[PDB]
Amino acid sequence: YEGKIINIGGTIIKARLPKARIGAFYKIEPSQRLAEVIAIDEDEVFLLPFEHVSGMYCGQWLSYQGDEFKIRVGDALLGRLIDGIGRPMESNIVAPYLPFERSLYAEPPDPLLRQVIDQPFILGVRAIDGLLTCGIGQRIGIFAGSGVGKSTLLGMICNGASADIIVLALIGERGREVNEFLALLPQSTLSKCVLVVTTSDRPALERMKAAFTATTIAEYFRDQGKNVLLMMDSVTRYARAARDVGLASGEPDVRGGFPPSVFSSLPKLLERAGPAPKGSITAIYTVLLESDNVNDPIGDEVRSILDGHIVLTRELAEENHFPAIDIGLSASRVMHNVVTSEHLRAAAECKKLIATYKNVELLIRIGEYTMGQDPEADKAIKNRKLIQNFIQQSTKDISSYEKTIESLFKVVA
Amino acid sequence: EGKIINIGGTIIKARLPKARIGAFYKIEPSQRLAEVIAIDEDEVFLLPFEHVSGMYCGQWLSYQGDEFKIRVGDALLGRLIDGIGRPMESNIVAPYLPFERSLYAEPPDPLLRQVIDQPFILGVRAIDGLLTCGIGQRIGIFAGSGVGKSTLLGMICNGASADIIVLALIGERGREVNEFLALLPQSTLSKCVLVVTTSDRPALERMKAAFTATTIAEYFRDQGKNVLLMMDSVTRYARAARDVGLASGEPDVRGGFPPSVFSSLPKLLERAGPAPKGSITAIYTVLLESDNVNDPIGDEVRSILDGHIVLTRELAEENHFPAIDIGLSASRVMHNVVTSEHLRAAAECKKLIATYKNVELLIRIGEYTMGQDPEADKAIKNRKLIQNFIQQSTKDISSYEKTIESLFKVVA
Amino acid sequence: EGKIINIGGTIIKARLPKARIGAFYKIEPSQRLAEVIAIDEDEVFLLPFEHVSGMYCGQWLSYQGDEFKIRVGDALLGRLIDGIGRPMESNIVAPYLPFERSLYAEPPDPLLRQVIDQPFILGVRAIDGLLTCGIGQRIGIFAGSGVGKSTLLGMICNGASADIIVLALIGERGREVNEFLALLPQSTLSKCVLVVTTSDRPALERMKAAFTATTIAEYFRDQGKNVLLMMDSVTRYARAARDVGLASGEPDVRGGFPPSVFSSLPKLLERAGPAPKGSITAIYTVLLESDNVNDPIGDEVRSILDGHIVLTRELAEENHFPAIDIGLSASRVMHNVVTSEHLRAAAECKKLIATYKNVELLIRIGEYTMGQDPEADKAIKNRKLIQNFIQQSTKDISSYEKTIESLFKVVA
Amino acid sequence: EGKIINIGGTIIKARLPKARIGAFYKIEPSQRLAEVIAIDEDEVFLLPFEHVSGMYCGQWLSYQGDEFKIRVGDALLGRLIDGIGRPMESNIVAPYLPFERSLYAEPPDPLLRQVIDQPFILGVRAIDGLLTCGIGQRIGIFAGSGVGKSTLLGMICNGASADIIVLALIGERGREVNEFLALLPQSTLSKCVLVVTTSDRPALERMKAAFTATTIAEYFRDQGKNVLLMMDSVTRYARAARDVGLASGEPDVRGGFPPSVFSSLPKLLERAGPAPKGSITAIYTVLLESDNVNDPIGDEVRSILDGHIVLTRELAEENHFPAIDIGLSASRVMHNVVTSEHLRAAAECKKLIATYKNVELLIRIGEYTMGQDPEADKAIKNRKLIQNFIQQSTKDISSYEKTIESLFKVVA
Ligand SMILES: Nc1ncnc2c1ncn2[C@@H]1O[C@H](COP(=O)(O)OP(=O)(O)O)[C@@H](O)[C@H]1O
Ligand SMILES: Nc1ncnc2c1ncn2[C@@H]1O[C@H](COP(=O)(O)OP(=O)(O)O)[C@@H](O)[C@H]1O
Ligand SMILES: Nc1ncnc2c1ncn2[C@@H]1O[C@H](COP(=O)(O)OP(=O)(O)O)[C@@H](O)[C@H]1O
Ligand SMILES: [Mg+2]
Ligand SMILES: [Mg+2]
Ligand SMILES: [Mg+2]
């Protein structure tokens, strides 16, 4: 009725329709599909469709629906799967009564009301609780290459950790995995868990807005006053989708691909999940790196945004050192507040023992090390197979927080 | 009805008013085909099905349908298919196929995938004992050029018992069609469809042949069969899509490639997996732009598939065949498939392989004294047993039971 | 017929309507031709055959034929052709060449090719023994500059015994025509066709010489006789196609090269090989842009040809001539054309060379004792035999039987 | 004529209708020529080199010729010529120079350019006895900085056996050219024709100095003499051509260099070889560095020339002048310009050089006893005579029969 699509191809369509707001969405009038206005020029506007672009033609009419895309949240979506758009995935069910219609884009808390985090958030993995340590309210990231340990360690964390609500966002990832995450979490955890699932075949928009859907649901269950655990698998899939949308809309190319929209819109998403006046969100974001280098565009940006980073190395997965986290290269920015002085000092001594062996390792292999002429090299060797049973852990094992402390005190001696 | 206004070398563009995207057209005097890929308000970019030599400005385009659909049916078993669905072998009669299928279908719904828990034996001892294939697992074979990819698919063509074998040979040597017909017996060739487009063929016909292989494998999946799909150098599809996507005016997001080859590789690889009715277990061969595993398409296909088998050139020069690097290889479902003593025997064997590659320069130069480290002596004493368990000739196939009993014997 | 509106150094833009792509035109005040590459509405982008340095704006184009066709006949034997197709011998009267045909031809059908199982005796002893070649395959010589490619083609040209030999010299040192013409006797020159372009010649004639050499070789193939196409530096064709593609407005995708180079190599290299009627055994040399085999164009030619002889500079400096590195090299038909104990002996001789290369540090500074590895003691005992087997001089030639019995002698 | 439309900083545009390409136009306020490089419809591109700042919108041009020409003649001996072709020494008058050559000629017909057969006498005992030059060989000396390039190069100037030497110095400074030409006497400046352009001159004149020296040496070839051309620093020819080609607007293909540099080096240094009348024996210089390792100009120059000399650094940090490392350097045309006994006596000395290198790094750690090998002990007894034969002072010139008999008394 209003405008006409004049340009079809790639990821974005372009239509002639005047007096368009930005962000408002539009039904393709003979086709039931609908599209969001992402960028406006004088009379031609860039739209981004929700579905496939095939089948369209020039002059196809474009009706009007709403001024902002909002999702529909409620208390009645625990234990239930949600799409990236906001719809429920499963069709066996009777549809819920979700009463509260929330906008997708919202504001972080005031920086003066976000209190200092000083309570440890127990995950269950011995390395990431003993050496590094989380806190109720931080947002930690898991940095790895392709197929190293990210989804296996996030499954261990979801198995071991406990929170009032658990929001788990499987964005950009293979469809085989939505049943493995429903398999390894129990019935009591499925009583309090919302999955937000977007497979990698889905369009740019669903794979781009599923992260904002999961963050909005976590903010809703925060505002009731509950400690909610957010877990987002491959936030770099959001980054790739924002890349190809922003490049198709005609933007420049800074820091290896990646328009300014990506690096300017990551903190508008990652700053929304932390401590708050009522409740808190403990977010865990996994990051895929374009090589094994940690110094990616997106890897370095997300490392400079978050509150702690767990870097997993492929060269430790070649040796079956699982979980493959690299202790010298990873860090946790709040463990000096959330734990006492004995644990922090013992963790410091164990980290320095690991780095000391990593310096001593190569000249043992080619056969030039001499015992006796260095007191702290031998101390890093005499303990080494004792510390590795603390630093590497089976998948079907959870560890208590007091066994972790006593194991670290026995290791560090 | 409209007329061509330029020819660019890869794609053409034309003055078609109000044309559908995806629709294909006949170039009216000379009997060829092209299809719409982009629209600029009256000027459509078209990708021709053939070579572009001979064309001129003002050449008409008659209309033929809204979608290039292939003619599929049950009489494809035992015969060879061109990259866009046509039969190749002119020696025999044209087959009769009843149904039409488009090349672009949706993956099965993620709630209906039913996590894979049954082993798929291959015949290679390294991808039985130390890696293990599930029925529904999609696997990749990552190597450089001439490292052993095709040799290993030839090993696991006559070793894997599946109901329908749909083999795609996109972007490779014309000489090989006969060699992959000289490794398959008639008890295998009677159930094997062999889709093949070679390196000569146009960029559309190497782009749109992996979709033909997946569509045929989905027709044989929906009947209820366990299909074994296997493609040769899916990076030839990736390079054809690079060429067309750069000719159509897209940027260069990573290592040479447009974003549309990164966003259209999952919606080909995600269709081959476990399903409610039937299953497709697929094996994708991936060529790397060097011997680095961190190629862009190598990295993306490693982050899509359910298992990667990395073959290195170093082991090929060492005459260690098949050249599988056990450290860089992984199978994402081995633990859901094998028994637990099998799993810990596999982990101990990979520990022994890594420990020998630690202590090898310590024993060769002469500093390793026999008795210092209580795992390196295990590795040294079991080196040759591990090595003739890992290596295998092309015409030797192993079963599952003999492989795991030799694994238990070698690892302890 | 049309004027010229742009002259750009390589691509000139004529304003002439209804022009067919592939057609060539004359610049009518002169006798120099130009071939159409791309078109627009009424502006065709075309490439001149000679250099561009004498042209002005309004300069007409007479129409010549719609495709560029060389004239081939049976009287090209013993002649000298350039990359356009003209004779170079002014001292000899021009022959009678009744047929004409275009330079762009499809390969044989992939099923009408056959599995090659007959050896091609080169004469070089190392290649014949350890690596070996089949009648109808495409071997490829990879080296640096000045490592010894050309010398090995001269050796392999005196030694081989094909019916017709079509030696192409593309983008090469003009001094060498008489040196490749002096190592041939008259008994081989009477059956050999020689196609010579030079590094001085422009980016079309250096680009079009490979296609005319392969067209002449396909003519003598279609007469039904085993021909031998030897091509000197096919990478000069790759450089010329890079310049033509980048002048025509193509993007870099890998190492400086456009997509059109990587799309135009496989059809050139894939029209040679087996055939229903005859065979065309091809030996291509590839100049790697440094002394490394992971050149973009070196890797893409290795992933097309079936077999590769990788020469190294570290052996050429140490007077290991010819400088074939036996570990880096391969031949994809070795297992198929020769007997089984020959395959076993060659495989463990290659393994013996590799296991000396992983020992010799223990010998140069004294860390090796005799009786702990009997294979290594046998290797150190037999190295003088083997480096009197791998090395041979240029005028040395050995038949196939003496090569096999010397291999059986050299590894016992 | 026409006037300047705009100046885009480096390249300028001017409306000259029906203006050819290659032509040179005269700016009307000053004495500054400029070159057309690309032609549009009625608005040609045009390239200034001297000075850009004092320019208008409306500054005029003036037509001179079809393209640029220089004045060659027999009275060029003992001169200094600019890269334009102007005589640099203004203290004398340019004599009756009657002939009129262009800068761009073709190399001879390769059938007429016949095999090079007789040795070129050079003077330096290393390049004359161990390696050997030829009459028509294009030697390229690879030097560092501080190895003794200019002193050796002056020995080549003075000790040569050629009728005319032609010297070009392409990128150099005034102290550098004066300290070079103050090393060779008036008896050598009688036959020499210096073509000097320095590192303050614009890049067009440094690019044209190579062509100017080549053309005047071809003129001295066509009247039947042995020309000895010496381009100093083709590295800086390549830097000048890179800067011109990038300023014209041309894509980077390899290491910072446009396609025009890589396609302009063969048509430069193929012109300097054997000929049907006379011959020109060329010797180029490339400056290799220690901050690069690839240096694409060094690789391309090594691919186009035939025979190269590597001047290493540590052969100068212990004062071994001339600093030629035999075994790292080689000449191709040696086996047909030397006799057989001189060939076998030359290979023996380089075998002894490599042999004492091996035995010396064996013995200086302490793993050698005197008495192992007679090739080692003959190397021991002949080291002082080898190092006495290779070492040659700045004033010492030897003949060729003395060189052969000194080689025969160093082979013993
Ligand atoms: N802690 C671990 N224990 C056992 N296996 C592991 C562990 N971490 C990684 N792996 C092995 O590595 C493979 C790939 O890990 P995955 O979690 O799928 O990577 P991604 O980070 O890409 O999702 C898994 O199949 C797994 O078997
Ligand atoms: N198991 C094996 N036994 C013997 N040779 C092998 C084996 N695996 C690889 N090769 C060698 O590698 C060659 C080329 O491998 P191929 O599979 O054709 O490479 P690509 O991966 O490029 O298709 C084989 O012809 C053979 O020479
Ligand atoms: N088999 C050999 N025996 C002795 N010398 C050789 C041999 N092969 C090459 N060489 C030396 O190497 C030089 C250059 O080899 P060539 O093949 O011309 O290099 P390119 O590969 O660049 O053409 C030759 O002049 C020759 O002296
Ligand atoms: Mg994952
Ligand atoms: Mg293959
Ligand atoms: Mg050569």
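Residues numbered from 1 in each chain as written, not as in the entry; some residues may be left out. Chains lettered and ligands numbered in written order. Part of a larger assembly, values for the part shown. Heavy atoms only, no water.

**As for the overall build of chain B**
Secondary structure assignment for chain B yields 15 helices and 16 strands. Overall, chain B is about 85 × 45 × 40 Å in size when its C-alpha atoms are taken along their principal axes. Put simply, chain B has 412 residues, and 63% of those count as buried. A separation of at least 24 residues holds for 72% of the contacts in chain B among residues at least 6 apart in sequence. Roughly 14,700 Å² of accessible area belongs to chain B as shown, and the carbon and sulfur atoms make up 51% of that amount. (Helix = DSSP H or I, 4+ residues; strand = E, 2+ residues; numbered from the N terminus. Buried < 20%, exposed > 50% of the residue type's maximum accessible area, 1.4 Å probe, protein only. Contact = heavy atoms within 4.5 Å. Areas by Shrake-Rupley, 256 points an atom, 1.4 Å probe, with all protein chains shown as cover.)

**Regarding the UniProt feature "binding site: ADP 2" (unreviewed entry) in chain A**
Residue and element names in this part refer to chain A. Under the present numbering, the feature "binding site: ADP 2" (unreviewed entry) in UniProt falls on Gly147, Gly149, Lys150, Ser151, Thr152, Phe322, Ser332 and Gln393. In three dimensions, the annotated residues from a span of 247 residues occupy distinct locations, with a maximal C-alpha spread of 23.1 Å. Turning to its location among the elements, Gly149 is positioned in the loop between β10 (139-144) and α2 (150-160). The class for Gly149 is buried, based on a relative accessible area of 14%. (UniProt positions renumbered as here; feature names shortened; annotations may be inferred.)

**Regarding the site of ligand 3**
Around ligand 3, a shell composed of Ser145, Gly146, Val147, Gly148, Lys149, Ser150, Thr151, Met155, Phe321, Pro322 and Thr394 of chain C together with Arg332 of chain D is seen. More than a single chain frames ligand 3: its nearby residues are located in chains C and D. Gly148 of chain C places a main-chain nitrogen or oxygen 3.4 Å from an oxygen atom of ligand 3. A distance of 2.9 Å separates an oxygen atom of ligand 3 from a polar backbone atom of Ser150 of chain C. Relative to its unbound accessible surface of 570 Å², ligand 3 loses 77% to contact with the protein. Here the residues of the shell around ligand 3 sort into 4 nonpolar, 6 polar and 2 charged. (Near = heavy atom within 4 Å. Polar contact = N/O pair within 3.5 Å; in protein donor to acceptor, adjacent residues only side chain to side chain. Nonpolar A, V, L, I, M, F, W, Y, C, P; charged D, E, K, R; others polar.)

**Considering the site of ligand 2**
Inspection of the region around ligand 2 gives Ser145, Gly146, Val147, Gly148, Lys149, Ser150, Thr151, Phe321 and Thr394 of chain B together with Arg332 of chain C as its neighbouring residues. Neighbouring residues of ligand 2 are not confined to one chain but are distributed across chains B and C. Within the backbone of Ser150 of chain B, a nitrogen or oxygen atom sits 3.0 Å from an oxygen atom of ligand 2. With respect to ligand 2, the side chain of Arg332 of chain C contributes an N or O atom lying 3.5 Å from an oxygen atom. Isolated, ligand 2 exposes 570 Å² of accessible area, and the fraction of that covered by the protein chains is 79%.

**Looking at the environment of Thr216 of chain A**
Residues and elements named next belong to chain A. Considering the arrangement of structural elements, one finds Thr216 in helix α5 (residues 204-223). On a C-alpha basis, the gap between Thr216 and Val339 in space is 31 Å, while along the polypeptide they are 123 residues apart. Contacts of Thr216, omitting those with residues within four sequence positions, involve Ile71, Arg102, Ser103, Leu104 and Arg272. A polar contact is formed between the side chain of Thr216 and the side chain of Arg272, at a distance of 3.4 Å.

**A few points about the packing of helix α11 (residues 340-357) of chain C against helix α13 (residues 374-386) of chain C**
Residue and element names in this part refer to chain C. As a packed pair, α11 and α13 sit with axes 10 Å apart at the nearest point and diverge in direction by 100°. On the basis of the axis angle, α11 is roughly perpendicular to α13. Every residue of α13 that contacts α11 at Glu348, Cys349, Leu352, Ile353, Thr355 and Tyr356 is listed here: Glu375, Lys378, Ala379, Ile380, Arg383 and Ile386. Grouping the amino acids of the contact of α11 with α13 by side-chain chemistry returns 7 nonpolar, 1 polar and 4 charged. (Axes fitted to C-alpha atoms, helices over the stretch in contact; angles between N-to-C directions. Parallel < 35°, antiparallel > 145°, perpendicular 65-115°, else oblique.)

**Topic: the pairing of strand β12 (residues 192-195) of chain B**
Residues and elements named next belong to chain B. Burial along β12 is two-sided: the face carrying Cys192 and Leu194 and the face carrying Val193 and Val195 are both buried. In this sheet, β12 lies alongside strand β8 (residues 80-81) in parallel orientation, the contact comprising 2 bridges. Looking at the pairing, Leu80 lines up with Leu194 of β12. Pairing of strand β11 (residues 164-168) with β12 involves 4 bridges; the strand directions are parallel. Residue pairing in the sheet places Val166 in a bridge with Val193 of β12. (Pairing = 2+ DSSP bridges.)

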